[PDB]
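Counting neighbours? That spans all protein chains shown, and the Cβs are built from the backbone with ideal geometry, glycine included. Please treat every number below as a calculation from the coordinates, not as lab data.
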Amino acid sequence: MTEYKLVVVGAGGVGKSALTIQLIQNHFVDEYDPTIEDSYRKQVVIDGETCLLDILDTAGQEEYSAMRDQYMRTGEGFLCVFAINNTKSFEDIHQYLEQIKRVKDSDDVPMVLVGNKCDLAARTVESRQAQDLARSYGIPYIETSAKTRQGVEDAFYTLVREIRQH
Ligand SMILES: Nc1nc2c(ncn2[C@@H]2O[C@H](COP(=O)(O)OP(=O)(O)NP(=O)(O)O)[C@@H](O)[C@H]2O)c(=O)[nH]1
Ligand SMILES: [Ca+2]
Ligand SMILES: [Mg+2]
Ligand SMILES: [Mg+2]
């Protein structure tokens, strides 16, 4: 059984915890409890192989930025999340991509760019703007809604695939 170390990163409140908890426990967390650092594990079949998903749900609050170097060293693939109704979170995710590369000394780190909260109509980040950012890093872009489950499995299983094929 192959184990995959997934890490979910991004700015405060973009929905990292809601995304992970939707994938693992199949319900939507409506309240907003800011995360320090939580771990989840789950056995799943992906392309006919049983996998162990080890998911790290990380802090978006700038307070805990010191914890970053460690978890980027350890993790194998990174789900990099912004919210489509938060332009600043899109500008911020760019800074996360550079840190992952820097910390891991590699321009080829398995990553997926995720535009979350796509159920909301107050969009300020157009899909094409995020596509352009993902293209310059050579990584996929997938929109999600933790609330409706749209794209949630697609995003996480795509990241597994990127790790697998690394
Ligand atoms: N409509 C909608 N709301 C969402 C979605 N994802 C998260 N939210 C809401 O946004 C708030 C923040 O979500 P949360 O998962 O805690 O974000 P976070 O990125 O983990 N925050 P932190 O970095 O502080 O730990 C919650 O009220 C949650 O219900 C989504 O896809 N759609
Ligand atoms: Ca709920
Ligand atoms: Mg959280
Ligand atoms: Mg604009």
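Which residues, taken from the range 71-86, are part of a helix (DSSP H, G or I) and among the aromatic types (F, W, Y)? Hit for the range 71-86 is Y71, nothing else. Any idea which of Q99, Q129 is farther than 24 Å from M72 by Cα, part of a helix (DSSP H, G or I) and of a type outside the set (S, T, Y)? Result: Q129 is the single residue among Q99, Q129 that is farther than 24 Å from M72 by Cα, part of a helix (DSSP H, G or I) and of a type outside the set (S, T, Y). Of all the listed residues (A121, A83, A130), the sole one being among the hydrophobic types (A, V, I, L, M, F, W, C), closer than 22 Å to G12 by Cα, without any contact (Cβ under 8 Å) to a residue 24 or more places away in the chain and within 16 Å of ligand 4 (Cβ to nearest atom) is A121.
Residue check: is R68 farther than 19 Å from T148 by Cα, within 16 Å of ligand 3 (Cβ to nearest atom), within 17 Å of the chain's Cα centre (by Cα) and in a helix (DSSP H, G or I)? For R68, the condition - farther than 19 Å from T148 by Cα, within 16 Å of ligand 3 (Cβ to nearest atom), within 17 Å of the chain's Cα centre (by Cα) and in a helix (DSSP H, G or I) - is met. Just so you know, in the range 4-32 the residues that are assigned to a loop (DSSP other than H, G, I, E, B) and under 16 Å from the mean Cα position of the chain (by Cα) include one that is nearest to ligand 2 (Cβ to nearest atom), and it is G15. Checked against the criterion of being surrounded by fewer than 16 Cβ atoms within 10 Å (Cβ to Cβ) and within 16 Å of ligand 2 (Cβ to nearest atom), the range 46-66 contains not a single residue that satisfies it. Cβ-Cβ distances below 7 Å connect the following pairs, each with a first residue in the range 134-151 that is at positive phi, a second residue that is aliphatic (A, V, I, L, M) and buried (at least 20 other Cβ atoms within 10 Å of the Cβ), and a separation of six or more residues or different chains: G151/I142. Within the range 3-16, not a single residue is basic (K, R), without any contact (Cβ under 8 Å) to a residue 40 or more places away in the chain and more than 16 Å from ligand 3 (Cβ to nearest atom).
Taking the criterion of being within 14 Å of ligand 3 (Cβ to nearest atom) and without any contact (Cβ under 8 Å) to a residue 24 or more places away in the chain, the residues of the range 37-65 that qualify are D38, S39, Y40, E63. Within the range 58-65, can one find any residue that is of a type outside the set (D, E, K, R), closer than 20 Å to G15 by Cα, under 11 Å from the mean Cα position of the chain (by Cα) and in a strand (DSSP E or B)? Checked the range 58-65: no residue is of a type outside the set (D, E, K, R), closer than 20 Å to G15 by Cα, under 11 Å from the mean Cα position of the chain (by Cα) and in a strand (DSSP E or B). Checked against the criterion of being surrounded by fewer than 17 Cβ atoms within 10 Å (Cβ to Cβ), in a helix (DSSP H, G or I) and among the small types (G, A, S), the candidates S136, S89 yield just one match: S136.
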